[PDB]
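Undergrad: Give me the fold of what follows.
(chains A, B, C, D and E, ligands or ions: 5)
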Amino acid sequence: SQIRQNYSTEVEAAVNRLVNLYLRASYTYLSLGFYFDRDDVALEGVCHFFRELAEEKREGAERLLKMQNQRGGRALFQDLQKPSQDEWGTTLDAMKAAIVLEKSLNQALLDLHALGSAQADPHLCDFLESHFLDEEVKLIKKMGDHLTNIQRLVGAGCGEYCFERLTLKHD
Amino acid sequence: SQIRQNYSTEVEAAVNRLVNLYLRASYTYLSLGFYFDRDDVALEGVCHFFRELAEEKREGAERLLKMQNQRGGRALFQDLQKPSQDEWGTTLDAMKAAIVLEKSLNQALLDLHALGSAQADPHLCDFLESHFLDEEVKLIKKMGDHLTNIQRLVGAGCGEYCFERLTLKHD
Amino acid sequence: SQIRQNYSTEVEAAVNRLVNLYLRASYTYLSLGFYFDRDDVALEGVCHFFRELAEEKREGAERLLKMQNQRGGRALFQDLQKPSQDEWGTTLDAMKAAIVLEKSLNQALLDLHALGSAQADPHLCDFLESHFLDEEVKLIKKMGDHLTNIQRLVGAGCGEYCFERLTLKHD
Amino acid sequence: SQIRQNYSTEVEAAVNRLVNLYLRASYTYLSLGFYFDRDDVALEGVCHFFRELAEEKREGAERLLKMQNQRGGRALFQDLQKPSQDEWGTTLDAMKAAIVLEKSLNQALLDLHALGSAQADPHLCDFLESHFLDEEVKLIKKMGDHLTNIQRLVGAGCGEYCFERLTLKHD
Amino acid sequence: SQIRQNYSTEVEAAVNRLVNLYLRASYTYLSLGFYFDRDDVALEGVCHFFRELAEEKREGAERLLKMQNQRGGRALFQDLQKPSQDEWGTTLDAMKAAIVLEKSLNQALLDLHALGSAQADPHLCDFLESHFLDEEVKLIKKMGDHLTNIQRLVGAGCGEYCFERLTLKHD
Ligand SMILES: [Cl-]
Ligand SMILES: [Cl-]
Ligand SMILES: [Cl-]
Ligand SMILES: [Cl-]
Ligand SMILES: [Cl-]
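TA: Numbering: from 1, shown residues only, chains lettered A, B, ... in the order given. Ligands and ions are numbered 1, 2, ... in the order given. Below is the structure in question.
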């Protein structure tokens, strides 16, 4: 206001839309987590994996909102749509839906970076580089690793997984 | 006697019957535990799960007996029937019998709560709320989680369980 | 006022009356305690037992007054009548008067609980369940235990008491 | 089964009967303990003495059941009869009933030892020698010491007890 | 010699034969252990299980030899036959051979106990009771537990084992 400098209306609006997308993603992971806590599903480590991602996505939204105020833009909140499913199937189904969700967030980050670069907004571009882009690359790599392991188990694959788990040193 | 106040004969008798039910349940879990210690059954974690429940059910009976004396009622003991089976089958069979047993205890708790509420006995009602009702809900949820996991193993289910156990973080 | 919600005028008034009853009980225990400190009575453990109950009853009144303000009611104080006796007799006499007093408090608590339940005031009902009803049951049980022991001493009773005290392990 | 060696059917059955006797004794001590917790009885050290014996007798039953499985026999549970009394009288009455109960357990242990010796089962005989026979001799000696002291108090006896308790060094 | 008392020539000779049997058993477990260390067998936990039993059997022989000298008998050593097999098959085969071996040791212990009892040699009988008979019962029970678990794995059995291992608390 008194502080705003080199901060376009286009970036301000796109940051508000990205907050909605991150809060939507948090809501989707809340739903995924409670589905795996059902007594007829009962996969605690899958519950915990998704409930932690709910926290991460809400914290990403909060960092964007902090940045919006640091730049002198104004936070505007919209309705948050419910998640796409009420029940999430198997661990494989859920992990495939999570990779699709993370791809969509990553594309929105890349699109906002491109808008910042077009607007000659290096603070915005560095903010996304430093706090979001590598977090998404690392998370998508982990989900792809998980998908391969789940697929080799729900199809000699059982054997190779167990050897790697129970004989070889790993984190 | 000198102390009894707002404590109906109906509640006193129903507490003595519930002590018998809890001691019966303890006896049933003692039997379940030693069956899984047989050399031809030999599932130590299943033995330990049921022997711990024997302890919990006897401690529930002792808390009811303490409360009976705190209210000025008189403990009356009856014969304790032996458990329904001498041999308990598979872990799945045993877990299904345990859920049936816990449902029966929970219904007896709910029936005693309803009698206390009809008798306008808020101490009795709070005693059951505070020390029994949530213990039963949590235990039945755990047994239902176990049942789902055993069923997915003794039927891609083997795979999904092992992934959750050996890759994902859990308690 | 700005905060009051689901808090009936009937409960508000009954809480003010119960504060008077608890402060009256505190006054009665103050008197009991100083009577047992007289040089011609001189039972220090009896003095200390009643002076501690004076503190407990004043703290009960203060918790009710805190709750009255938490709900948006208004504390109203009335005159406090002096205790029923100036001299309290023997330890047996005093313990019998204390059980009568505690019965009267317990009945007033049960009556207020019944009014809260009729008014559909679950906060009030839980407040009494959580902070008062079991405190009274435990205290009345202790006083009844003491009465039995005093009676077996001021009447083979002397023998059985001393054996339990001096040979057997107790708190 | 796969493990059973030198373990007669006669010993197996007699061990199951002795488990019933020990669980019956535990039940009797549970009843004794809660009777001395009544507000009209109110002898805490007597309550604690019997509640500890309930624990000891159930632990004896559990050690027999463990041994039954170590030898390849099969645990078989029967109905547990209620204790012989609902009310237990004075401390003297209760201690006399406890000595009768312990004599009956000791005789059953001695009878099982004799059967093991006749069957040339030295593991069984040593098991009873090492874990049961001296526990019973020591407990019966303690109960006899208590009986003499209670008798000298509920009959110069009061004097001699108090001197021993209050002047002379003892555990 | 100067010390020998109540120690029959029959017991002395039978102790020397039992030393040979224990050293033979140690040799058999040495062979079992190195077979499971072969690169074409490669079951480290099975190797370690049998190499520890080699140590236990040699220590049993040494305790018998110490006792022979404590009683004034004279240790006499004989040739030690090689183990019955050069290759030991699967873990199941090996565990079945180990139970047969332990049964044979247990029978030799029971036969020596019977000879000591016939010779009225209570030191010998207690020595075997205290240091050997329960060690054998516990080891045979463990081997029977292992056999049942191996059989349920090399035949829903895979499932029940994994649940007990990976969900339930065990030592
Ligand atoms: Cl929607
Ligand atoms: Cl029955
Ligand atoms: Cl007055
Ligand atoms: Cl009976
Ligand atoms: Cl040979």
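
Undergrad: is it true that residue A:123 lies in a helix?
TA: Yes: counting by DSSP: H, G, I helix; E, B strand; the rest coil, one finds residue A:123 located in a helix.

Undergrad: what sits against it?
TA: A:6, A:71 (Cβ atoms under 8 Å, 6 or more residues apart in numbering or on different chains). Where C-beta positions appear, they are placed from N, C-alpha and C, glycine not excepted.

Undergrad: same thing but 6 Å
TA: Contacts of residue A:123 were listed using Cβ atoms under 6 Å, 6 or more residues apart in numbering or on different chains, and none were found.

Undergrad: Pick out the residue of chain A closest to chain C.
TA: Across chain A, no residue is closer to chain C than residue A:34, which sits at 26.7 Å (Cβ to the nearest Cβ).

Undergrad: Chain A: strands as residue ranges?
TA: Taking DSSP state E as the criterion, chain A carries no strands.

Undergrad: For it, list the residues in contact with chain E, please.
TA: By Cβ under 6 Å from any Cβ of the partner chain, no residue of chain A approaches chain E.

Undergrad: measure the residue most central in space within chain A to chain B for me?
TA: Taking Cα atoms, centre = their mean, the centroid of chain A lies closest to residue A:102, which sits 4.8 Å from it. According to Cβ to the nearest Cβ, to the nearest Å, residue A:102 and chain B sit 17 Å apart.

Undergrad: The residue nearest to that residue when sequence neighbours are not counted - how many residues pack around it?
TA: In space, and not counting its chain neighbours, residue A:102 is closest to residue A:140: 5.2 Å by Cβ to Cβ, 6 or more residues apart in numbering or on different chains. As a burial measure, residue A:140 scores 16 neighbours (other Cβ atoms under 10 Å in any protein chain shown).

Undergrad: Hmm, residue A:140 is touching residue A:103, no?
TA: No: assessed by Cβ atoms under 6 Å, residue A:140 is found out of contact with residue A:103, at 7.1 Å.

Undergrad: Show me the common contact partners of the two, please.
TA: Between them, residue A:140 and residue A:103 share no contacting residue, judged by Cβ under 6 Å, 6+ apart.

Undergrad: Excluding chain neighbours, what is closest to residue A:94?
TA: For residue A:94, ignoring the flanking residues on the chain, the nearest one in space by Cβ to Cβ, 6+ apart is residue A:88 at 4.5 Å.

Undergrad: show me the contacts for the one you found.
TA: Residue A:88 neighbours (Cβ under 6 Å, 6+ apart): A:32, A:35, A:94.

Undergrad: Got a quick ChimeraX command for the buried subset of those residues?
TA: Here is the ChimeraX selection string for the buried members of these, based on 16 or more other Cβ atoms under 10 Å in any protein chain shown:
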select /A:32,35,94
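
Undergrad: picking that back up, quick check: the residue of chain A closest to chain C vs residue A:54, distance?
TA: Separation of residue A:34 from residue A:54 (Cβ to Cβ, to the nearest Å): 10 Å.

Undergrad: Which one of the two is surrounded by more residues?
TA: A side-by-side neighbour count of residue A:34 and residue A:54, using other Cβ under 10 Å, places residue A:54 first with 19 against 15.

Undergrad: Skipping adjacent residues, who's closest to that one in space?
TA: Leaving aside its sequence neighbours, residue A:54 sits nearest to residue A:29 (Cβ to Cβ, 6+ apart; 3.7 Å).

Undergrad: Please report the number of neighbouring residues for that neighbour.
TA: Neighbour tally, residue A:29, other Cβ under 10 Å: 23.

Undergrad: Would you agree it is in contact with residue A:50?
TA: Yes: using Cβ under 6 Å, residue A:29 is in contact with residue A:50, at 4.8 Å.

Undergrad: quick one: residue A:12 and residue A:73 touch, right?
TA: Yes: counting by Cβ under 6 Å, residue A:12 touches residue A:73, with 3.8 Å between them.

Undergrad: So if I had to pick from the two, which one is more boxed in?
TA: A count of neighbours by other Cβ under 10 Å puts residue A:73 above the other of residue A:12 and residue A:73, at 20 against 17.

Undergrad: Now do that one against residue A:113, distance only.
TA: When residue A:73 is compared with residue A:113 (using Cβ to Cβ), they lie 17 Å apart.

Undergrad: go on, residue A:18?
TA: To residue A:113, residue A:18 is 11 Å away according to Cβ to Cβ.

Undergrad: how about the residues of chain A that lie near chain C?
TA: Close to chain C, as judged by Cβ under 6 Å from any Cβ, chain A has no residues.
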